[PDB]
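have a look at this fold, sequence not included:
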Ligand SMILES: [Ca+2]
Ligand SMILES: [Ca+2]
């Protein structure tokens, strides 16, 4: 289907102006004018063509080759001319199993017909003549190295279309711009033409004629745009200027803490005294100078989980000489653009700044599934991974000493640092048109070059989670990288993150670019500042099409509605933003509130505080504990219910006098208290909170 001979069809007589590059499954090398919609009528006249590939025969025999136009043809079989601007009967000997290179050149001045009707035939010894069947034809070896059986360059004999990097796309097309269009069986690669392609909404591709993969990744520019690629590669990374590579972190979903058995305690029949909590994990980004790492930070829920207000040590019966154990459920998360097949990266679980508690490893070459971009391992429809799995006897206990345990109780934070060891790559094979894991290809041989030759943009517009993409961008200091096309900031956002521009305004899923801020590392900042100066531009948002990206830039783009911590996780929002987001109330009663709150807003809240204010201005706080703010819940209808009864002993609010007020406040994550105060107070006193509802008793009704 993606197999056959590779054809270059030129409008000129001398192989200089390629109009179509495409493959044919069989010896029928025709392109009917019917298929030439994406090309100017006057360019539909092909005056020359070149085909290349291999022939593989199923049965040894003497064959004669012929075409539809032997008078206008020269054909080579492994360096040997077999057709020379004349028909013949010259039999060449071909043995089973062996691969023979084919090159065919065709020239015809002033054809009176558009397109090309051209067929390649052969006749065996039993005088059967037919168009060469698909099972006999293979593509050229369009790789950076030759195969054991398939040479990567064609014979030096005759015409060679300029293709300096051997990806299959002619030099001139990569530099000047090309488009890819799908017919029924085939993809046509053609020159970009403004008045034809711009309105069809087609993508204008440019790539380096000297880089087989312009993003320095393991898939060629041609493989990408023709679909000759792992189907798990992200759609945006089918662009030659967008890097395809995995990006993995670990998501911890929950945790259970328990007291370690010790030799001194013979009795193992005591009551369960474990501490189980939900956890929230986010991939982070620090802008630590020059970082290329995977890390996520885990927040352990501080809300009420057990009776009493005991310390963790009291709860678990942990004395100063005891040790504790941690178990947890996790999944791996691929937020990058290429899949992983046979090695999951190794992860350190870290307490505080640098106390490693555990090393989390999966079994090499024994993965239960692929870990695909925009997906999880295990998939979300399957159980997560327990750090100590019930099956294996050999899972190492994740242990903490007493002082570390107290530290975890106080910080309620863990960090997961994951390496970039991703194993082997599934590559396309031109011999059989299949994609398979290549044991000779490893991500560790690719990632450094990707990181060195691309600009990185990290964007949080999808659910406020950080997503990293890398886009091919010139390095003015590296001659090879100057052969890449100019990459603008605007173009990068379109191709890497799917920004569009319906009315001259760049948007991401309906949000104008101006709704996001720009943040740069030191070197990138100075670079962009210089560019703006050179442009006499005072506002980056009005010149995004004129700002050029360079290799090694780091750009961080964030939703402006939110406040961010040092890990660039969203942790709060302006009082005015939070207020407005709670303005539309659906229903109110002494039982609670029913609102429609933006999904992003909910992400930055830790909970709510409910208060009744009497006529003299005194306030009764109903859920007056730092661990009792979790009173909101998302309903199946998407609406949020704030539950007044939960921490009111299951009772609706009692409002003594209709003139009393019910006030509800939102508490953002950055303002959230996660421990009792120093003086031991567990109340909400002093919590910085945002009034989001205030009605008198007669208004609630
Ligand atoms: Ca090329
Ligand atoms: Ca290229």
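On my side now, so go ahead. Numbers count the residues shown, from 1 in each chain. Ligands and ions are numbered 1, 2, ... in the order given.

what's the closest residue to ligand 2 within the chain in contact with, if anything?
Going by CB to the ion, ligand 2 is nearest to residue 221 of the chain, at 4.0 Å. (C-beta placed from N, C-alpha, C; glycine too.) Applying CB atoms under 8 Å, 6 or more residues apart in numbering, one finds that residue 221 lies in contact with 165, 167, 169, 174, 207, 208, 211, 212, 213, 214, 240.

ok, now residue 65?
Counted by CB under 8 Å, 6+ apart, residue 65 has contacts 75, 77, 82, 83, 92, 120, 121, 122.

so it is in which element?
Residue 65 is part of strand 61-67, with elements assigned from DSSP states H and E.

quick check: next helix or strand after that strand?
strand 73-77.

pull up the pairing partners for the helix or strand following that following strand, direction included.
For strand 73-77, the following helix or strand on the C-terminal side (DSSP H and E) is strand 80-84. Partners of strand 80-84 in the sheet, by DSSP bridges, are strand 73-77 (antiparallel).

what angle separates the partner strand from strand 61-67?
For strand 73-77 against strand 61-67, the angle by axes from the mean of the first three to the mean of the last three CA atoms, to 10 degrees is 150 degrees.

so what's residue 249 up against?
Contact analysis of residue 249 by CB under 8 Å, 6+ apart lists 281, 283, 294, 295, 296, 332, 333, 335, 416, 418.

can you list the residue ranges for helices in the stretch 501-650 of the chain?
522-534, 575-581, 599-603 (DSSP state H, counting those that start in this stretch).

break this protein into its domains for me.
Annotated domains of the chain cover 1-244, 245-451, 452-570, 571-701 [curated CATH domains].

residue 533: neighbouring residues, count only.
10 (other CB atoms under 10 Å).

rewinding a little: nearest to residue 38, of the contacts of residue 221?
Using CB to CB, residue 169 comes nearest to residue 38 of those, at 16.1 Å.

so what's the closest one up against?
By CB under 8 Å, 6+ apart, the contact set of residue 169 is 21, 163, 178, 189, 207, 209, 221, 222, 225.

10 Å instead, please
18, 21, 142, 161, 163, 175, 178, 189, 205, 207, 209, 212, 220-222, 225-226, 240 (CB atoms under 10 Å, 6 or more residues apart in numbering).

sorry, back to before: quick one: which of the contacts of residue 221 is nearest residue 508?
residue 240 (22.3 Å).

so what pairs up with residue 83 in the strands?
Counting by DSSP bridges, residue 83 forms beta bridges with residue 75.

quick one: the residue of the chain closest to ligand 2 from residue 246, how far?
As judged by CB to CB, to the nearest Å, residue 221 and residue 246 stand 20 Å apart.

returning to what we had before: so which of the contacts of residue 249 also contact ligand 2?
Restricting the contacts of residue 249 to those within reach of ligand 2 (CB under 5 Å from the ion) leaves nothing.

so which of the residues you listed are in strands?
Judged by DSSP state E, these include 281, 283, 294, 295, 296, 332, 333, 416, 418 as members of strands.

now the buried members of the residues you listed.
Buried by 16 or more other CB atoms under 10 Å: 281, 283, 294, 295, 296, 332, 333, 416, 418, out of the ones in strands among the contacts of residue 249.

using a markdown table, lay out the contacts of residue 221 together with secondary structure and distance to ligand 1.
As requested, these are exported to a markdown table (DSSP: H, G, I helix; E, B strand; the rest coil; distance: CB to the ion, whole Å):
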| residue | secondary structure | distance to ligand 1 |
| --- | --- | --- |
| 165 | coil | 5 |
| 167 | coil | 4 |
| 169 | coil | 4 |
| 174 | helix | 5 |
| 207 | coil | 8 |
| 208 | coil | 8 |
| 211 | coil | 9 |
| 212 | coil | 8 |
| 213 | coil | 11 |
| 214 | coil | 10 |
| 240 | coil | 10 |
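
and those residues as CSV, adding distance to ligand 2?
Converted to CSV, these look like this (distance: CB to the ion, whole Å):
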residue, distance to ligand 2
165, 5
167, 5
169, 6
174, 5
207, 5
208, 5
211, 5
212, 6
213, 7
214, 5
240, 7
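
surely residue 172 touches residue 209?
Yes - between residue 172 and residue 209 a contact is recorded at 7.9 Å, counting by CB atoms under 10 Å.

what is in contact with the two at once?
The contact lists of residue 172 and residue 209 share 162, 163, where a contact means CB under 10 Å, 6+ apart.

can you give me the strands for the stretch 401-550 of the chain?
For the stretch 401-550 of the chain, the strands defined by DSSP state E, counting those that start in this stretch occupy 413-418, 424-429, 434-442, 454-459, 467-472, 507-508, 511-512, 516-520.

ok, the stretch 601-701 of the chain next?
With strands called from DSSP E, counting those that start in this stretch, the stretch 601-701 of the chain shows them at 605-613, 619-621, 632-634, 640-643, 661-668, 690-696.

wait, which of these is closest to ligand 1?
Of all the strands of the stretch 601-701 of the chain, strand 632-634 comes closest under CB to the ion, at 51.4 Å.

list the contacts of the closest one.
With contacts defined as CB under 10 Å, 6+ apart, strand 632-634 is touched by 592-593, 595, 597, 599, 602, 605-608, 639-643, 646, 664, 666.
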